[PDB]
$ cat entry_36.cif   # mmCIF, C-alpha atoms and all ligand atoms
data_target
loop_
_atom_site.group_PDB
_atom_site.id
_atom_site.type_symbol
_atom_site.label_atom_id
_atom_site.label_comp_id
_atom_site.auth_asym_id
_atom_site.auth_seq_id
_atom_site.Cartn_x
_atom_site.Cartn_y
_atom_site.Cartn_z
ATOM 1 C CA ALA A 1 67.104 -2.978 11.303
ATOM 2 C CA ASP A 2 66.201 -6.612 12.060
ATOM 3 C CA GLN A 3 66.412 -6.666 15.883
ATOM 4 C CA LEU A 4 67.953 -3.532 17.456
ATOM 5 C CA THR A 5 71.346 -1.791 17.846
ATOM 6 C CA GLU A 6 73.535 -3.395 20.539
ATOM 7 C CA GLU A 7 74.676 0.127 21.490
ATOM 8 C CA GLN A 8 71.237 1.802 21.680
ATOM 9 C CA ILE A 9 70.109 -1.140 23.839
ATOM 10 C CA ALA A 10 73.190 -0.841 26.070
ATOM 11 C CA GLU A 11 72.666 2.907 26.596
ATOM 12 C CA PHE A 12 69.077 2.123 27.621
ATOM 13 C CA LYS A 13 70.379 -0.742 29.794
ATOM 14 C CA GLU A 14 72.636 1.672 31.715
ATOM 15 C CA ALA A 15 69.618 3.987 32.011
ATOM 16 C CA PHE A 16 67.550 1.060 33.330
ATOM 17 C CA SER A 17 70.126 0.429 36.083
ATOM 18 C CA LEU A 18 70.228 4.113 37.096
ATOM 19 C CA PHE A 19 66.470 3.902 37.743
ATOM 20 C CA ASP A 20 66.771 0.479 39.414
ATOM 21 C CA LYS A 21 68.077 1.883 42.721
ATOM 22 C CA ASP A 22 67.270 -1.370 44.579
ATOM 23 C CA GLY A 23 68.933 -3.456 41.833
ATOM 24 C CA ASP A 24 66.023 -5.949 41.969
ATOM 25 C CA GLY A 25 65.613 -5.732 38.172
ATOM 26 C CA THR A 26 62.087 -4.243 38.500
ATOM 27 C CA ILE A 27 61.295 -0.504 38.176
ATOM 28 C CA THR A 28 58.276 0.286 40.398
ATOM 29 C CA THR A 29 56.124 3.444 40.279
ATOM 30 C CA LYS A 30 58.067 4.830 43.256
ATOM 31 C CA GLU A 31 61.361 4.541 41.349
ATOM 32 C CA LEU A 32 59.804 5.908 38.144
ATOM 33 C CA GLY A 33 58.475 8.914 40.108
ATOM 34 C CA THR A 34 61.895 9.565 41.670
ATOM 35 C CA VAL A 35 63.507 9.699 38.205
ATOM 36 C CA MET A 36 60.741 11.661 36.449
ATOM 37 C CA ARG A 37 61.030 14.085 39.385
ATOM 38 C CA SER A 38 64.797 14.386 38.838
ATOM 39 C CA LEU A 39 64.141 15.257 35.167
ATOM 40 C CA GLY A 40 61.762 18.098 36.164
ATOM 41 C CA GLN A 41 58.601 16.019 35.509
ATOM 42 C CA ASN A 42 55.911 15.712 38.232
ATOM 43 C CA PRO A 43 53.791 12.611 37.396
ATOM 44 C CA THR A 44 50.804 11.701 39.613
ATOM 45 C CA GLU A 45 50.288 8.200 41.043
ATOM 46 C CA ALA A 46 47.436 7.624 38.564
ATOM 47 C CA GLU A 47 49.687 8.741 35.693
ATOM 48 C CA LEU A 48 52.536 6.443 36.784
ATOM 49 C CA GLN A 49 50.111 3.502 36.983
ATOM 50 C CA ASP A 50 48.720 4.228 33.494
ATOM 51 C CA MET A 51 52.147 5.077 32.033
ATOM 52 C CA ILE A 52 53.314 1.694 33.348
ATOM 53 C CA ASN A 53 50.086 -0.091 32.309
ATOM 54 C CA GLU A 54 50.337 0.995 28.641
ATOM 55 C CA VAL A 55 53.631 -0.999 28.528
ATOM 56 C CA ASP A 56 53.146 -3.652 31.248
ATOM 57 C CA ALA A 57 52.417 -6.599 28.929
ATOM 58 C CA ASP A 58 53.249 -9.320 31.521
ATOM 59 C CA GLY A 59 50.670 -7.908 33.968
ATOM 60 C CA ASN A 60 53.306 -7.741 36.745
ATOM 61 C CA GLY A 61 52.469 -4.060 37.492
ATOM 62 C CA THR A 62 56.054 -2.774 36.986
ATOM 63 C CA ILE A 63 58.575 -2.075 34.191
ATOM 64 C CA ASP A 64 61.662 -4.307 33.806
ATOM 65 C CA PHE A 65 64.532 -4.093 31.282
ATOM 66 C CA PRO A 66 62.774 -5.356 28.060
ATOM 67 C CA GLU A 67 59.586 -3.516 29.069
ATOM 68 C CA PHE A 68 61.482 -0.269 29.704
ATOM 69 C CA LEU A 69 63.260 -0.794 26.369
ATOM 70 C CA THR A 70 59.907 -0.830 24.553
ATOM 71 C CA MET A 71 58.594 2.174 26.520
ATOM 72 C CA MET A 72 61.635 4.339 25.733
ATOM 73 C CA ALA A 73 61.425 3.290 22.061
ATOM 74 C CA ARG A 74 57.850 4.636 22.023
ATOM 75 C CA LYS A 75 59.135 8.069 23.116
ATOM 76 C CA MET A 76 61.011 8.358 19.801
HETATM 77 CA CA CA A 101 64.059 -1.493 41.041
HETATM 78 CA CA CA A 102 55.305 -5.340 33.213
#
$ encode --input "entry_36.cif" --output "structure tokens"
Amino acid sequence: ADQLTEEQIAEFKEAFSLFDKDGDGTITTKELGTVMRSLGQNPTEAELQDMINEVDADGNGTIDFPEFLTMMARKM
């Protein structure tokens, strides 16, 4: 696997949009909490900040498409 599968990426892309309720191309902690809550997960503000920090490599403070791609890949 040189780069990645165009399908696996797409599936994650559609998942990125579902979480991007504002469509601004930037998943914030508030949006990540809404989703995690819909999946039955109750993350705290400190956990969302750290969960985002472990993957926020641009230092923007939020997860975008490529950043969310990496994060989901880490879940294996
Ligand atoms: Ca968003
Ligand atoms: Ca980031």
$ atom_distance --input "entry_36.cif" --atom1 "atom CA of residue A:54" --atom2 "atom CA of residue A:73"
13.1 Å
$ resolve_selection --input "entry_36.cif" --expression "the PyMOL selection byres (((chain A and resi 65) around 9) and not hetatm)" --output "PyMOL selection string"
chain A and resi 12-13+16-17+25-27+63-64+66-70
$ atom_distance --input "entry_36.cif" --atom1 "atom CA of residue A:45" --atom2 "atom CA of residue A:33"
8.3 Å
$ atom_distance --input "entry_36.cif" --atom1 "atom CA of residue A:59" --atom2 "atom CA of residue A:11"
25.6 Å
$ residues_near_ligand --input "entry_36.cif" --ligand "ligand CA 102 (chain A)" --cutoff "6 Å" --atoms "all atoms listed in the file" --output "PyMOL selection string"
chain A and resi 56-63
$ build_atoms --input "entry_36.cif" --residues "stretch 49-72 of chain A" --atoms "N, CA and C atoms" --output "PDB file, keeping the file's coordinate frame"
ATOM      1  N   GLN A  49      50.780   4.820  37.162  1.00  0.00           N
ATOM      2  CA  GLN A  49      50.111   3.502  36.983  1.00  0.00           C
ATOM      3  C   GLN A  49      49.716   3.325  35.513  1.00  0.00           C
ATOM      4  N   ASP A  50      49.127   4.332  34.924  1.00  0.00           N
ATOM      5  CA  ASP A  50      48.720   4.228  33.494  1.00  0.00           C
ATOM      6  C   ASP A  50      49.972   4.197  32.617  1.00  0.00           C
ATOM      7  N   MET A  51      50.904   5.080  32.855  1.00  0.00           N
ATOM      8  CA  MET A  51      52.147   5.077  32.033  1.00  0.00           C
ATOM      9  C   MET A  51      52.761   3.679  32.094  1.00  0.00           C
ATOM     10  N   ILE A  52      52.741   3.063  33.241  1.00  0.00           N
ATOM     11  CA  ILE A  52      53.314   1.694  33.348  1.00  0.00           C
ATOM     12  C   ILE A  52      52.364   0.691  32.679  1.00  0.00           C
ATOM     13  N   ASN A  53      51.085   0.857  32.886  1.00  0.00           N
ATOM     14  CA  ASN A  53      50.086  -0.091  32.309  1.00  0.00           C
ATOM     15  C   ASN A  53      50.153  -0.133  30.775  1.00  0.00           C
ATOM     16  N   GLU A  54      50.306   0.996  30.135  1.00  0.00           N
ATOM     17  CA  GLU A  54      50.337   0.995  28.641  1.00  0.00           C
ATOM     18  C   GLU A  54      51.509   0.153  28.132  1.00  0.00           C
ATOM     19  N   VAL A  55      52.448  -0.196  28.982  1.00  0.00           N
ATOM     20  CA  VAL A  55      53.631  -0.999  28.528  1.00  0.00           C
ATOM     21  C   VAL A  55      53.779  -2.265  29.370  1.00  0.00           C
ATOM     22  N   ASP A  56      53.016  -2.418  30.422  1.00  0.00           N
ATOM     23  CA  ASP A  56      53.146  -3.652  31.248  1.00  0.00           C
ATOM     24  C   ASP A  56      52.407  -4.784  30.540  1.00  0.00           C
ATOM     25  N   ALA A  57      53.085  -5.500  29.685  1.00  0.00           N
ATOM     26  CA  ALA A  57      52.417  -6.599  28.929  1.00  0.00           C
ATOM     27  C   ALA A  57      52.437  -7.913  29.716  1.00  0.00           C
ATOM     28  N   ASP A  58      53.235  -8.037  30.750  1.00  0.00           N
ATOM     29  CA  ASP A  58      53.249  -9.320  31.521  1.00  0.00           C
ATOM     30  C   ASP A  58      52.192  -9.247  32.630  1.00  0.00           C
ATOM     31  N   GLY A  59      51.702  -8.068  32.902  1.00  0.00           N
ATOM     32  CA  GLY A  59      50.670  -7.908  33.968  1.00  0.00           C
ATOM     33  C   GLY A  59      51.336  -7.920  35.349  1.00  0.00           C
ATOM     34  N   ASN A  60      52.627  -7.725  35.415  1.00  0.00           N
ATOM     35  CA  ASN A  60      53.306  -7.741  36.745  1.00  0.00           C
ATOM     36  C   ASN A  60      53.013  -6.436  37.499  1.00  0.00           C
ATOM     37  N   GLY A  61      52.773  -5.353  36.802  1.00  0.00           N
ATOM     38  CA  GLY A  61      52.469  -4.060  37.492  1.00  0.00           C
ATOM     39  C   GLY A  61      53.726  -3.185  37.563  1.00  0.00           C
ATOM     40  N   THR A  62      54.803  -3.599  36.942  1.00  0.00           N
ATOM     41  CA  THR A  62      56.054  -2.774  36.986  1.00  0.00           C
ATOM     42  C   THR A  62      56.805  -2.899  35.660  1.00  0.00           C
ATOM     43  N   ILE A  63      57.784  -2.053  35.460  1.00  0.00           N
ATOM     44  CA  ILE A  63      58.575  -2.075  34.191  1.00  0.00           C
ATOM     45  C   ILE A  63      59.957  -2.678  34.450  1.00  0.00           C
ATOM     46  N   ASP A  64      60.325  -3.648  33.649  1.00  0.00           N
ATOM     47  CA  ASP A  64      61.662  -4.307  33.806  1.00  0.00           C
ATOM     48  C   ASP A  64      62.610  -3.779  32.723  1.00  0.00           C
ATOM     49  N   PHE A  65      63.578  -4.561  32.328  1.00  0.00           N
ATOM     50  CA  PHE A  65      64.532  -4.093  31.282  1.00  0.00           C
ATOM     51  C   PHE A  65      63.850  -4.118  29.895  1.00  0.00           C
ATOM     52  N   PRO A  66      63.438  -5.268  29.399  1.00  0.00           N
ATOM     53  CA  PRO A  66      62.774  -5.356  28.060  1.00  0.00           C
ATOM     54  C   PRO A  66      61.529  -4.462  27.982  1.00  0.00           C
ATOM     55  N   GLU A  67      60.804  -4.366  29.061  1.00  0.00           N
ATOM     56  CA  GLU A  67      59.586  -3.516  29.069  1.00  0.00           C
ATOM     57  C   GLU A  67      60.005  -2.048  28.990  1.00  0.00           C
ATOM     58  N   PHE A  68      61.008  -1.678  29.742  1.00  0.00           N
ATOM     59  CA  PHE A  68      61.482  -0.269  29.704  1.00  0.00           C
ATOM     60  C   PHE A  68      62.065   0.005  28.320  1.00  0.00           C
ATOM     61  N   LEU A  69      62.688  -0.978  27.729  1.00  0.00           N
ATOM     62  CA  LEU A  69      63.260  -0.794  26.369  1.00  0.00           C
ATOM     63  C   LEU A  69      62.126  -0.395  25.427  1.00  0.00           C
ATOM     64  N   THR A  70      61.056  -1.141  25.447  1.00  0.00           N
ATOM     65  CA  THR A  70      59.907  -0.830  24.553  1.00  0.00           C
ATOM     66  C   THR A  70      59.369   0.575  24.851  1.00  0.00           C
ATOM     67  N   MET A  71      59.137   0.849  26.108  1.00  0.00           N
ATOM     68  CA  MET A  71      58.594   2.174  26.520  1.00  0.00           C
ATOM     69  C   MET A  71      59.472   3.304  25.982  1.00  0.00           C
ATOM     70  N   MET A  72      60.751   3.247  26.224  1.00  0.00           N
ATOM     71  CA  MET A  72      61.635   4.339  25.733  1.00  0.00           C
ATOM     72  C   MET A  72      61.589   4.408  24.206  1.00  0.00           C
TER      73      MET A  72
END
